[PDB]
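All values below come from the heavy atoms of this structure, side chains included, with hydrogens, waters and symmetry mates left out. Proteins come first, then strands; the chains are lettered A, B, ... in the order of their sequence lines, and each starts at number 1.
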There are 2 protein chains.
Amino acid sequence: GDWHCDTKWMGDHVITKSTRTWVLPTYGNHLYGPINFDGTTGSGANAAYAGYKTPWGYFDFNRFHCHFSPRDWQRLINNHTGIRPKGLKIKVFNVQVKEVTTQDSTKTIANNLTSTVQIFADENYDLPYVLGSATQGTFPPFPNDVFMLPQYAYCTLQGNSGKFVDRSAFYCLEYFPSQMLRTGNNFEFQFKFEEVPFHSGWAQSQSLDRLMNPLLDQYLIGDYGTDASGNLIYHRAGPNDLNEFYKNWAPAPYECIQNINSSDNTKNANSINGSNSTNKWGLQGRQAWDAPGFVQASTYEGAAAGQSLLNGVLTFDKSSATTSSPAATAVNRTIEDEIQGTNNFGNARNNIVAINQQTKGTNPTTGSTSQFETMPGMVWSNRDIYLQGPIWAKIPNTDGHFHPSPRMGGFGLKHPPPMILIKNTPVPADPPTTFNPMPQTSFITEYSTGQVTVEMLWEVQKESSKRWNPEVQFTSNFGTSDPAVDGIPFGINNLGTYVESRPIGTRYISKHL
Amino acid sequence: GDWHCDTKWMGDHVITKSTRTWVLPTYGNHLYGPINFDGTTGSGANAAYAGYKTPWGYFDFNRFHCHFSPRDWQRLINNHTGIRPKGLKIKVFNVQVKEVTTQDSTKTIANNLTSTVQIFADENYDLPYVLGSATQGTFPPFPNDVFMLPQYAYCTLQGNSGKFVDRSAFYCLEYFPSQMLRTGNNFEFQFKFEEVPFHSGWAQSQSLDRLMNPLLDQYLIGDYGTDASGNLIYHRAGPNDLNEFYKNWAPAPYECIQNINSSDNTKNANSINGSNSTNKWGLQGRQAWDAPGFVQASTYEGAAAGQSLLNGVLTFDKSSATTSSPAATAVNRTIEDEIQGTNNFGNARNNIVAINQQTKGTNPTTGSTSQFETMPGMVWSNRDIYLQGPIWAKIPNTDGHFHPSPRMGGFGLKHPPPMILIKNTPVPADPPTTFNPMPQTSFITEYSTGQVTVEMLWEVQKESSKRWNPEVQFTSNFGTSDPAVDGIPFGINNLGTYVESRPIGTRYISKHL
């Protein structure tokens, strides 16, 4: 049982290892409970839910900075055009259970060598899978930090006002087999990923309307209009008009999403209510935000500085925080312009279709559309992956799905890495000396802690490009930093806190279409 | 896991062993932090730095009295003309972790058998190497003393006012693999030194201008001058002038260093400002002391008593001390006169060169020089090694270096003994019973302690000299010592403190050139 936290680059694959220290409290006083919300004191009826919270807790490693340091991430993105996960192994070890006693003001903490902790992996996916929702409680990016394991809870099928119905499910986690760990015992688990395509780690150096040889003319003839008598006129497209070429392929579908400018406030309207202006989808008589949505270009070359989309991009914290309304200086806002070749700007809404039927006496009319959905012959790119973003998501179990790439990013999986759940075994306090049939509610106060190591095998694609001129690379560029106030970017500041200075995607090397 | 501390003399090699007891605190509250200094409150802009301090700590055995008792050192220097290191092995064992609780005034200390400590050697030289700077924190010379391990920190590349720049490096030490030690576990490491030349353990019994047979004349003819008409005059050198012999070899190069007299204050000027009078070299727009410098003779035979060089020699404490301005009676000041055969006196500045071009009508002129650097045909000796001095230094990793013998003394190495770093594994206190995403800052107060044994294999050269008369030997000479006040020299005094009475070099046996 030793420490690791290291990376090994072998050819076409790479292995990451990392070790952390976790702490597990007793949750819920060893009790289950039902939880609801009817919505009133909150947002409203769209916010209602019903479910259960459990005494158990769980591990979540599903972000990239869990497995990669910033320098390792740089080594990846400048030299490689693709990555996918292959295998996984987890080890929980060096477990300690501690008892807490409080007399008067003082508080003493003692070690208990015989008390245990329970752990199991859910290999058959029997529990509601709450990973892949991008919530808090993941391993910290900086290896020296100690973190709490979050409490496990789930939502089930609801009726009106967040009430249970006939199909609502209650799960007992003690009904699973688990193994019991003392000091000296360890838990191990291995997993193999299913086959998935490489994530595309390059930026597009062509656009989908320019794929032609610009010097030539087509052998296809286009319809230029009618003359004053109504005879059809023909025209051949060529170098003076490249936009009129007949083409084999069309760009990505869209639902129109509203623009927003993050840098410059003169471009925005005053007092926008974000919730009223976001895209939404309905289900069971209520509405939910559609965000980030299916990825669109958030900006393009020639657009104004700071151009973005309203709830169309991902935004991260610079450091772990609880704030409900963080300041603009505290966040990293992503920008996806690398897809601008196949993916239109999200607020453009500039596709045109014919809205009537023309005859002599009635002129043809057209209109722009806010909705243009999938048609045969369209191509598109997925959203990028980030050092701060999620790795995988579980594909819902359903009869049908279209292009099951998760919208926030990463790898869609039929069988994701299973949840690993853990809790302290309850230790009763002193019973009465007369028999009582009731369940015993008095327990010894305790918590546990240990180490966990995660090892991942990744497969990568090296970059072969034959362009003559140099390419854009990710580099560290800042003028100067004050060690008194600030410290080194991607480092520890003056207060001992780890700071992630800016967001980092994977798309730097370029390819033609 | 047993005690050793002993020496074994085998022929042409010798093995030293020693065992000590160490104590390791928690440093920095388990935090990294950036450190700078802009210079103002201190010396000034020449004093600025930028860097990081870490929660870790490390072992430093790099002084000779770590491995040799004074009697063993005597046995070495009277009988041997050379020594070099061969091999090394280190063992850390009998580790105890202790928890500290404070209630009201009293303080209780308890043992924790399951808590660990982390240790690794840096074999690939990935960390900044801070050994070889002759700082405090080495193993104590007397085997019964208990010592703290120092906190690890480093300097990185700086700009103005001690600010970080783009190439400044932050290192995470948890990113290294390390092994975790409980009570009952031990750490072992072995190392082999690269081939180096023997240190020269003899004093010179000849001088470089006297190498001739004094009875004879040369067959080479010298130029004695011109006559009144300007005709060249010739002269043959012989026993009446030995200084005028044509010679094959020249003495050592020098940068002139100022003299100082340590014994007699009538020789010194009043109110010398040492910092203004020392030799300095510039780098990156600031200046640093050049000390001790390239070794010169600090005194020679016939010079006044107490003659020395200003920051030209090494000076040690008699006992371990924190004093910033120690008294003259508290120090051991070294004297290097054993090199006076090949190495000129440091303040002499008596070499002479021609400063003009002579013709009829203009007389030849010469001048003395303060700077005379390396020329083909020069020979020199290195600085001596001392029982109190450093053993090795790391040669900087650079394209070029000239005669890479470290200036303070010892053995220059491309691959020195690697740093061994250690820290207490953080143990969190009781968490709250509601999940919080923040890192946990509350820890159990603890420290660790153990034993460490170091074993070194040395290679030595025995002395063959055929001179008829006896030689100078190092001996113990003092009239009497008061056991009430003082005790035995190189022993424990009345207060229980170990005292090193005088400095001891290696050069006693003599050889001709």
Take atom CD of B:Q287 as the centre, draw a 6.0 Å sphere, and report whether it contains more than 12 heavy atoms from other residues, nucleotides or ligands. yes
Can you tell me if NZ on A:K89 sees more than 12 non-hydrogen neighbours from other groups inside 6.0 Å? no
Heavy-atom neighbours of A:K107 NZ exceed 12 at 6.0 Å: no
Neighbour count >12 (heavy atoms, 6.0 Å) for atom NZ, B:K414: yes
Got a second to check how far A:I109's CD1 is from B:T101's OG1, nearest 0.5 Å? 8.5 Å
Does A:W3 form a side chain to side chain contact (heavy atoms under 4.5 Å, CB included) with B:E174? I'd like the steps, not just the answer. CA-CA 8 Å; A:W3 188 273; B:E174 290 77 2; 3.7 Å; yes
Would you compute the distance between atom CG of B:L181 and atom CG of A:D2 and round it to the nearest 0.5 angstrom? 8.0 Å
To the nearest 0.5 Å, tell me how far A:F478 CZ sits from B:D166 CG. 4.5 Å
Considering only heavy atoms from C-beta outward, does the side chain of A:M148 approach that of B:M438 to under 4.5 Å? no
Determine the minimum heavy-atom distance between A:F142 and B:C172, stating which atoms define it. CE1-SG, 3.9 Å
Please classify the contact of B:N160 with chain A as side chain, backbone, both or neither, using a heavy-atom distance under 4.5 Å. neither
Here the gap from B:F176 atom CZ to A:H4 atom NE2, rounded to the nearest 0.5 Å, amounts to 15.5 Å
With side chains defined as the heavy atoms from C-beta onward, is the minimum distance between A:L113 and B:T114 less than 4.5 Å? no
Give the member of A:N94, A:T183, A:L495 that has the highest number of heavy-atom pairs under 4.5 Å with chain B. A:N94
Distance flag, aromatic centroids of A:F490 and B:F170, threshold under 6.0 Å: no
Would you call A:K98 and B:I444 a side-chain contact if the rule is heavy atoms closer than 4.5 Å? yes
A quick test of your reading: do over 12 heavy atoms of other residues, nucleotides or ligands sit less than 6.0 Å from CZ of B:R286? yes
A:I488 and B:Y52, any side-chain heavy atoms less than 4.5 Å apart: yes
Counting only heavy atoms not in A:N29 (residues, nucleotides, ligands), do more than 12 fall under 6.0 Å from its CG? no
B:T433 and A:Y447, any side-chain heavy atoms less than 4.5 Å apart: no
Could you tell me which non-hydrogen atom of B:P437 sits nearest to which non-hydrogen atom of A:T322, and how far apart they are? CG-CG2, 3.7 Å
Is it the case that the side chains of A:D72 and B:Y175 hold a donor-acceptor pair, with the cut-off being a distance below 3.5 Å and no angle test? yes
Checking heavy atoms, do the side chain of B:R167, its backbone, both or neither come under 4.5 Å from chain A? neither
Among B:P432, B:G33, B:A50, residue most engaged with chain A (heavy-atom pairs, under 4.5 Å): B:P432
Min side-chain heavy-atom separation B:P177-A:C5 under 4.5 Å: no
Find the distance between CG (A:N111) and OG (B:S115) and round it off to the nearest 0.5 Å. 9.0 Å
Residues of residues 479-486 of chain A near chain B, each having a heavy atom less than 4.5 Å away: A:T480, A:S481, A:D482, A:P483, A:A484
What part of B:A169 gets within 4.5 angstrom of chain A, counting heavy atoms only: side chain, backbone, both, or neither? backbone
Heavy-atom side-chain proximity of B:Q103 to A:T108 below 4.5 angstrom: no
May I ask you to name which of A:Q151, A:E446, A:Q96 has the most heavy-atom pairs under 4.5 Å with chain B? A:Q96
Provide the closest heavy-atom pair for B:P431 versus A:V23 in the form atom of the first, atom of the second, distance. CG-CG2, 3.7 Å
Measuring from B:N436:CG to A:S320:OG, what's the distance to the nearest 0.5 Å? 9.0 Å
Return the option, out of A:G491, A:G496, A:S476, A:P150, with the maximum number of heavy-atom pairs under 4.5 Å with chain B. A:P150
Begin with the C-alpha distance, continue with both residues' side-chain angles, and end with the deciding distance and a verdict on side chain to side chain contact (heavy atoms under 4.5 Å, CB included) for A:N144 and B:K423. CA-CA 12 Å; A:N144 195 33; B:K423 73 178 187 74; 4.1 Å; yes
For B:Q118, is it the side chain, the backbone, both, or neither that has a heavy atom closer than 4.5 Å to a heavy atom of chain A? side chain
Does atom NZ of B:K53 have more than 12 heavy-atom neighbours, drawn from other residues, nucleotides or ligands, at distances under 6.0 Å? no
